[PDB]
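Peer 1: Sharing a structure below in structure tokens format, with a few things to ask.
Cβ sites come from the backbone with ideal geometry, for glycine too, and all protein chains shown count toward neighbours. What follows draws every value from the coordinates through simple rules; no lab data is involved.
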Amino acid sequence: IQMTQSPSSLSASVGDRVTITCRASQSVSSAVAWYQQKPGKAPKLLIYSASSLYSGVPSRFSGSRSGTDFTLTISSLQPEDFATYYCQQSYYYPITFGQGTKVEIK
Amino acid sequence: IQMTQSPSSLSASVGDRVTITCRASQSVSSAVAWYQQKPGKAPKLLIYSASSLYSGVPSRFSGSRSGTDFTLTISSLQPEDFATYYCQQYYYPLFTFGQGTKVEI
Amino acid sequence: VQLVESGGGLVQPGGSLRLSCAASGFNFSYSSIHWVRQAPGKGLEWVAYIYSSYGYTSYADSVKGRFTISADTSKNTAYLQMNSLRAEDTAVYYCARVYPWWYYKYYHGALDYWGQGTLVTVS
Amino acid sequence: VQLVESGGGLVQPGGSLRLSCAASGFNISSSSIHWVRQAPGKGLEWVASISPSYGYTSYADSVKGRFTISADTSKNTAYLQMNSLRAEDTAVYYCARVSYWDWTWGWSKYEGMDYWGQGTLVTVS
Amino acid sequence: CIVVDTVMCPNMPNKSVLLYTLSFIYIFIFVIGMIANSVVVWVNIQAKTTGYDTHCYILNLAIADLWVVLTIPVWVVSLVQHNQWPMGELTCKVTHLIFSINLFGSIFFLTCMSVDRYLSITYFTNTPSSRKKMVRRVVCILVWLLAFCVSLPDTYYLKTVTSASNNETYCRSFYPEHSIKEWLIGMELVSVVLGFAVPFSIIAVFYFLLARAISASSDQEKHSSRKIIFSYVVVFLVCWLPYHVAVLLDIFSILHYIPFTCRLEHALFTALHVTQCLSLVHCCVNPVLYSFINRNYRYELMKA
Amino acid sequence: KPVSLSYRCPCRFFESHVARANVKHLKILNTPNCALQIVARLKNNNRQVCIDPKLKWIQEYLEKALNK
Ligand SMILES: CC(C)CCC[C@@H](C)[C@H]1CC[C@H]2[C@@H]3CC=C4C[C@@H](O)CC[C@]4(C)[C@H]3CC[C@]12C
Ligand SMILES: CC(C)CCC[C@@H](C)[C@H]1CC[C@H]2[C@@H]3CC=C4C[C@@H](O)CC[C@]4(C)[C@H]3CC[C@]12C
Ligand SMILES: CC(C)CCC[C@@H](C)[C@H]1CC[C@H]2[C@@H]3CC=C4C[C@@H](O)CC[C@]4(C)[C@H]3CC[C@]12C
Ligand SMILES: CC(C)CCC[C@@H](C)[C@H]1CC[C@H]2[C@@H]3CC=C4C[C@@H](O)CC[C@]4(C)[C@H]3CC[C@]12C
Ligand SMILES: CC(C)CCC[C@@H](C)[C@H]1CC[C@H]2[C@@H]3CC=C4C[C@@H](O)CC[C@]4(C)[C@H]3CC[C@]12C
Ligand SMILES: CC(C)CCC[C@@H](C)[C@H]1CC[C@H]2[C@@H]3CC=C4C[C@@H](O)CC[C@]4(C)[C@H]3CC[C@]12C
Ligand SMILES: CC(C)CCC[C@@H](C)[C@H]1CC[C@H]2[C@@H]3CC=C4C[C@@H](O)CC[C@]4(C)[C@H]3CC[C@]12C
Ligand SMILES: CC(C)CCC[C@@H](C)[C@H]1CC[C@H]2[C@@H]3CC=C4C[C@@H](O)CC[C@]4(C)[C@H]3CC[C@]12C
């Protein structure tokens, strides 16, 4: 189940708005998750299920679902939020991750 | 529940065999009875249910059922058996009596 | 068993009368009483019946809403009051008793013993 | 809740190794354990999973039938047997958990991998 | 050498008080059950757009309870007249079929819920959502068919009559005349072995196993509580047990193990009606126990 | 079944296969739900069993008992 993530690179400046999109092949009924990975560190969950928000992470991250086009939105960027993001689907085993989106300081 | 009896009039002689038929316009679950009355006396019971012969009646009379068609059979008509026979149904709360059959020498 | 009728007599058209059937020699509070007619020179006809112990009552179509029926267990007698008599009711009335045994589909209804009956005229 | 990986080390092609994922702070039988890997400078890719209680085990298509996974509920641990390694399997392996919450049975959300580990490096010459 | 003994039961005394009070309670149950079940179905259908994973059994159980409640007014009308049946023939058969199917559906789905809840923490814990969804759908269809098969017979033989003596209509069941006793005992024993005994036994065993498992795991203990788990079993027992003791006592009366007496008929009549009242209270206590308590559900209720 | 869709009275099913020899105690009930019925007590199993009024000897006995 190929999961295509776009765009694969960003240059948002501090305090701007960030949007990332993940597109599935088949239909997955709101069983997507969004992970964040720092350079050379263990990934940590950001959003579990299609839209819920993991208890503990800031409220800037917002997850939305539309058909089979999942979207992650960050309202503001802080110096501590410049890393890579992955989208995962937990519906059809095997579990397939995304290609990986990178955000860099402009 | 209109009930019919045939033949309305009939004739025979001593030592004969006679059959009288009774039909119900609707279904009655073997619930019938047959009386006889003399020209000017009170009626008497002959058969009830469908074929269970009454206690005090001789064995000449016999009842039988077929679908919804109740027949009375009489063999060797004695001189005293010249009366009017009536057919009744009592399945429904509104009983009914037949038109009446008469037999004469 | 012995059933005797009383009350038969002349009646003016449109009037009322009251007949009493007295039964002696069996458990009145068990059986049910039945009143039937016989027109002059015609076949029998059913009128009504009363189930004494519990008072359940039913009526023939031709006398619905006119004849009233009561039972006195203390006097073990059956009363039939008729009012608004028409000109087609002149007949002879008979009182009969039937024991209502129970069968799976229907209740026993063979009128066993018949009273002598009394003549009721509407002139 | 705390997961720690152990094992790794360079192994020649065609060899085999054991990778141990130990868990603490919770009984292991009420949460599936997954194993994922990351090649040098590449995206993640699922490998294996197991539920300790009844020993259900799925696998990944690219490595179907080449690994073994066995979970010991007595010691709250998971074991991944690696064998028939190729030169292209070098990566860093993490063992994660998929929490299942019972207090919401009728109305629950599709869970995600909650707690991860530092992981261990596997190399092939 | 035999004896004849006559025993006349007095005419049935006044029964306005009991009938009126039962109808009063039935109206309360109807209102308070219909409203609750409708809300649960609405929330379950609406939640799917928020990313939740609602459970099919809850939705099917809610529909079954709603159907059972809808037909209470028919019984209320048929009960104020002391068991008379003014309605037509088709009404009696159709109403009984609806009631029986949708009352067995609920009883079977309770057992299915228990087994699924235990497996969802022991076995399904590492199964893809698609497979568990398919398994639940298959079980849902299977349960519906089984309930329909069990309920069809009694509806087939149902028919109306008009008493020759009293002259009021009734709706009863007529069986083959050569096996009358066998059918009566069978169709009043299937409602006691496939209605209470087996479903309750499975529910008790599997919820006990779930309680043991959750206690053994420390992390689950903190959030969930063991009061609700035992509450499920106790509520089912308290609601249904009195009715299935009255029915089991009715069967004994049929076989004449209990000597007959004028009091037994009245006592059994009152007991059966009064106990059936509670048997239907189970149909409204169900949403309050399975959905109104879950913290997630309440948060979804207010937001919708 | 719902109680409304049921018929309650002493005897719900007959038992015609009975013999005059094995009868010790009869009983002529009378209930508004099912009119007159008959309940007997077999002297072997001591089990109260209904009886069908169509049996001839039953009919004679019952008429004699009630009429007197
Ligand atoms: C329906 C829900 C809300 C409440 C259920 C409460 C229980 C306790 C109710 C259900 C039916 C009720 C019974 C209905 C009728 C009667 C007859 C009356 O002469 C005495 C009380 C008595 C015997 C009631 C006692 C209380 C009762 C058993
Ligand atoms: C008064 C009562 C009995 C009527 C209830 C009718 C039932 C059969 C109706 C009510 C709403 C319906 C649901 C409406 C929406 C969906 C979502 C769809 O993706 C699957 C079917 C499903 C889940 C329907 C199944 C049938 C359903 C549950
Ligand atoms: C005797 C007759 C009237 C009872 C008819 C029962 C009806 C209400 C039953 C029959 C089949 C049932 C459906 C079977 C399967 C599903 C799929 C599930 O995911 C949602 C509920 C839903 C859609 C059920 C709703 C209720 C349903 C439509
Ligand atoms: C009288 C009624 C309530 C009894 C119904 C029996 C229940 C316990 C039976 C009916 C069908 C069964 C299911 C049939 C298929 C499967 C798939 C399997 O991979 C796991 C077990 C599971 C999920 C079964 C569990 C037990 C089950 C739900
Ligand atoms: C157990 C589930 C799946 C099916 C239940 C079906 C019900 C309707 C079956 C189960 C046992 C059956 C009874 C078994 C034996 C007899 C005796 C026979 O002389 C007449 C039919 C009769 C009285 C059956 C009637 C139908 C019956 C009650
Ligand atoms: C007795 C019945 C038939 C009448 C209806 C009352 C029902 C709704 C009552 C009976 C016992 C009650 C439960 C008793 C204890 C608890 C534990 C508490 O931490 C949450 C509520 C909860 C789970 C209650 C919910 C409501 C409940 C289930
Ligand atoms: C014990 C808990 C679960 C309540 C269960 C309800 C029990 C107690 C109820 C259900 C039906 C009731 C019985 C109904 C009929 C009779 C016959 C009467 O002549 C004496 C009382 C007696 C024997 C009742 C006693 C109480 C009873 C057995
Ligand atoms: C602790 C729980 C199970 C108690 C629930 C209360 C139940 C058992 C109560 C509610 C109303 C009660 C009934 C009210 C009236 C009668 C009529 C009487 O002639 C026999 C007892 C009987 C039939 C009662 C039996 C017990 C009963 C059914």
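Peer 1: Return the only residue of E:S173, E:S201 being farther than 30 Å from E:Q81 by Cβ, free of Cβ contacts under 8 Å to residues at least 60 places away in the same chain and more than 16 Å from ligand 7 (Cβ to nearest atom). Give the steps one after another, and end with the answer.
Peer 2: On the way: E:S173 fails: farther than 30 Å from E:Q81 by Cβ.
The conditions single out E:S201.
Peer 1: Within the bounds of the stretch F:6-20, is there any residue that is surrounded by 19 or more Cβ atoms within 10 Å (Cβ to Cβ) and over 30 Å from E:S151 (Cβ atoms)?
Peer 2: No, because not a single residue in the stretch F:6-20 is surrounded by 19 or more Cβ atoms within 10 Å (Cβ to Cβ) and over 30 Å from E:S151 (Cβ atoms).
Peer 1: In the stretch E:82-134, how many residues are more than 8 Å from every other protein chain (Cβ to nearest Cβ) and either under 20 Å from D:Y54 (Cα atoms) or more than 16 Å from ligand 1 (Cβ to nearest atom) (or both)? Before you say what the answer is, go through the steps one by one.
Peer 2: Filtering the stretch E:82-134 for residues more than 8 Å from every other protein chain (Cβ to nearest Cβ) gives E:82, E:84, E:86-91, E:93-95, E:97-98, E:101-116, E:118-119, E:124, E:131-134.
Keeping just the survivors that are either under 20 Å from D:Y54 (Cα atoms) or more than 16 Å from ligand 1 (Cβ to nearest atom) (or both) gives E:84, E:86-91, E:93-95, E:97-98, E:101-116, E:118-119, E:124, E:131-134.
Total satisfying the criteria: 35.
Peer 1: Would you confirm, using the coordinates I've provided, whether E:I214 is of a type in the set (V, I, T), buried (at least 18 other Cβ atoms within 10 Å of the Cβ) and more than 16 Å from ligand 2 (Cβ to nearest atom)? Steps first, please.
Peer 2: Values: of a type in the set (V, I, T): yes; buried (at least 18 other Cβ atoms within 10 Å of the Cβ): yes; more than 16 Å from ligand 2 (Cβ to nearest atom): yes.
The answer is yes for E:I214.
Peer 1: If a residue counts only when it is within 14 Å of chain D (Cβ to nearest Cβ), within 16 Å of ligand 4 (Cβ to nearest atom) and farther than 24 Å from E:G88 by Cα, which helices (runs of 4 or more DSSP H) contained entirely in the stretch E:147-229 have at least 3 such residues? First the steps, then the outcome.
Peer 2: Working: elements: E:180-192, E:198-216, E:218-223.
So the answer is E:198-216.
Peer 1: Still on this structure: Regarding the stretch E:80-90, can at least one residue be identified that is buried (at least 17 other Cβ atoms within 10 Å of the Cβ), touching a residue at least 40 places away in the same chain (Cβ under 8 Å) and within 28 Å of E:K15 (Cα to Cα)? I'd like the intermediate steps shown before the answer.
Peer 2: Residues of the stretch E:80-90 that are buried (at least 17 other Cβ atoms within 10 Å of the Cβ), as a first pass: E:83, E:85.
Among the residues that remain, those that are also touching a residue at least 40 places away in the same chain (Cβ under 8 Å) are: E:83, E:85.
After this cut, where a residue has to be within 28 Å of E:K15 (Cα to Cα) as well, the list is E:83, E:85.
Within the stretch E:80-90, one or more residues are buried (at least 17 other Cβ atoms within 10 Å of the Cβ), touching a residue at least 40 places away in the same chain (Cβ under 8 Å) and within 28 Å of E:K15 (Cα to Cα).
Peer 1: Can I ask one more? Can you tell me which residue among E:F236, E:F269, E:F208, E:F200 is more than 16 Å from ligand 1 (Cβ to nearest atom) and crowded, with 17+ Cβ neighbours inside 10 Å? Walk me through how you get there before you give the answer.
Peer 2: On the way: E:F236 fails: more than 16 Å from ligand 1 (Cβ to nearest atom); E:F269 fails: more than 16 Å from ligand 1 (Cβ to nearest atom); E:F208 fails: crowded, with 17+ Cβ neighbours inside 10 Å.
Sole residue among the options that is more than 16 Å from ligand 1 (Cβ to nearest atom) and crowded, with 17+ Cβ neighbours inside 10 Å: E:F200.
Peer 1: Further question: Can you pull out the strands (runs of 3 or more DSSP E) entirely within the stretch C:36-102 that have at least 1 residues that are within 13 Å of chain B (Cβ to nearest Cβ) and touching a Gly at 6+ places or on another chain (Cβ under 9 Å)?
Peer 2: Working: elements: C:44-51, C:57-59, C:68-72, C:77-83, C:91-98.
Ranges flagged: C:44-51, C:57-59, C:91-98.
Peer 1: Take the stretch F:32-68 and flag every residue that is within 9 Å of another protein chain (Cβ to nearest Cβ) and within 14 Å of C:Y103 (Cα to Cα).
Peer 2: Result: F:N33, F:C34, F:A35, F:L36, F:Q37, F:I38, F:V39, F:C50, F:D52, F:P53, F:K54, F:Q59.
Peer 1: If we keep just the residues of the stretch E:244-265 that are over 19 Å from F:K27 (Cβ atoms) and either within 12 Å of ligand 1 (Cβ to nearest atom) or more than 10 Å from every other protein chain (Cβ to nearest Cβ) (or both), which is surrounded by the most Cβ atoms within 10 Å (Cβ to Cβ)?
Peer 2: Of the stretch E:244-265, the ones over 19 Å from F:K27 (Cβ atoms) are E:244-251.
From what's left, either within 12 Å of ligand 1 (Cβ to nearest atom) or more than 10 Å from every other protein chain (Cβ to nearest Cβ) (or both): E:244-245, E:248-249, E:251.
Numbers: E:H244: 18, E:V245: 14, E:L248: 13, E:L249: 16, E:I251: 15.
This residue is E:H244.
Peer 1: Could I ask something else about it? Which one of these is away from ligand 6 (no atom under 11 Å from the Cβ), of a type in the set (S, T, Y), in contact with a helix residue (DSSP H, G or I) (Cβ under 8 Å, 6 or more places away or on another chain) and within 10 Å of another protein chain (Cβ to nearest Cβ): E:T270, E:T275? Let's see the steps before the verdict.
Peer 2: Numbers: E:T270 fails: within 10 Å of another protein chain (Cβ to nearest Cβ).
Of E:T270, E:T275, the one residue that is away from ligand 6 (no atom under 11 Å from the Cβ), of a type in the set (S, T, Y), in contact with a helix residue (DSSP H, G or I) (Cβ under 8 Å, 6 or more places away or on another chain) and within 10 Å of another protein chain (Cβ to nearest Cβ) is E:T275.
Let's see how each residue does on (1) more than 14 Å from chain F (Cβ to nearest Cβ); (2) within 11 Å of ligand 2 (Cβ to nearest atom); (3) closer than 30 Å to F:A21 by Cβ:
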| residue | (1), (2), (3) |
| --- | --- |
| E:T6 | no, no, yes |
| E:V17 | yes, no, no |
| E:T49 | yes, yes, no |
| E:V74 | no, no, no |
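Peer 1: State all residues of the stretch A:1-55 that are in a loop (DSSP other than H, G, I, E, B) and touching a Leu at 6+ places or on another chain (Cβ under 9 Å); if no residue qualifies, say none. Outline the logic, then answer.
Peer 2: Of the residues in the stretch A:1-55, the ones in a loop (DSSP other than H, G, I, E, B) are A:1-2, A:7-8, A:11-17, A:25-31, A:38-43, A:48-54.
Listed by number, the residues that qualify are A:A12, A:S13, A:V14, A:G15, A:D16, A:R17, A:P43, A:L53, A:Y54.
Peer 1: Please go through the stretch B:52-70 and pick out each residue that is within 11 Å of the chain's Cα centre (by Cα) and surrounded by 16 or more Cβ atoms within 10 Å (Cβ to Cβ).
Peer 2: Scanning the stretch B:52-70 gives B:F61, B:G63, B:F70.
Peer 1: Does the stretch E:1-60 hold any residues that are part of a loop (DSSP other than H, G, I, E, B) and exposed (fewer than 15 other Cβ atoms within 10 Å of the Cβ), and which are they? Break it down stepwise before answering.
Peer 2: Start the filter on the stretch E:1-60 by keeping residues that are part of a loop (DSSP other than H, G, I, E, B), which leaves E:1-5, E:9-15, E:51, E:55.
If the condition is that a residue be part of a loop (DSSP other than H, G, I, E, B) and exposed (fewer than 15 other Cβ atoms within 10 Å of the Cβ), then E:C1, E:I2, E:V3, E:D5, E:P10, E:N11, E:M12, E:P13, E:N14, E:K15 are the ones that fit.
Peer 1: Need pairs with beta-carbon distance below 9 Å; first residue away from chain D (no Cβ under 14 Å) and farther than 14 Å from E:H282 by Cα and within the stretch E:21-45, second part of a helix (DSSP H, G or I) and within 15 Å of ligand 8 (Cβ to nearest atom); sequence gap 6+ or separate chains.
Peer 2: Here the result reads E:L22/E:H273; E:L22/E:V274; E:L22/E:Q276; E:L22/E:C277, each pair linking the stretch E:21-45 to a residue that is part of a helix (DSSP H, G or I) and within 15 Å of ligand 8 (Cβ to nearest atom).
Peer 1: Name the residue, out of A:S90, A:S76, A:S66, that is of a type in the set (S, T, Y) and within 11 Å of chain D (Cβ to nearest Cβ). Before the answer, list the steps.
Peer 2: Values: A:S76 fails: within 11 Å of chain D (Cβ to nearest Cβ); A:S66 fails: within 11 Å of chain D (Cβ to nearest Cβ).
Selected residue: A:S90, the only one of A:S90, A:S76, A:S66 that is of a type in the set (S, T, Y) and within 11 Å of chain D (Cβ to nearest Cβ).
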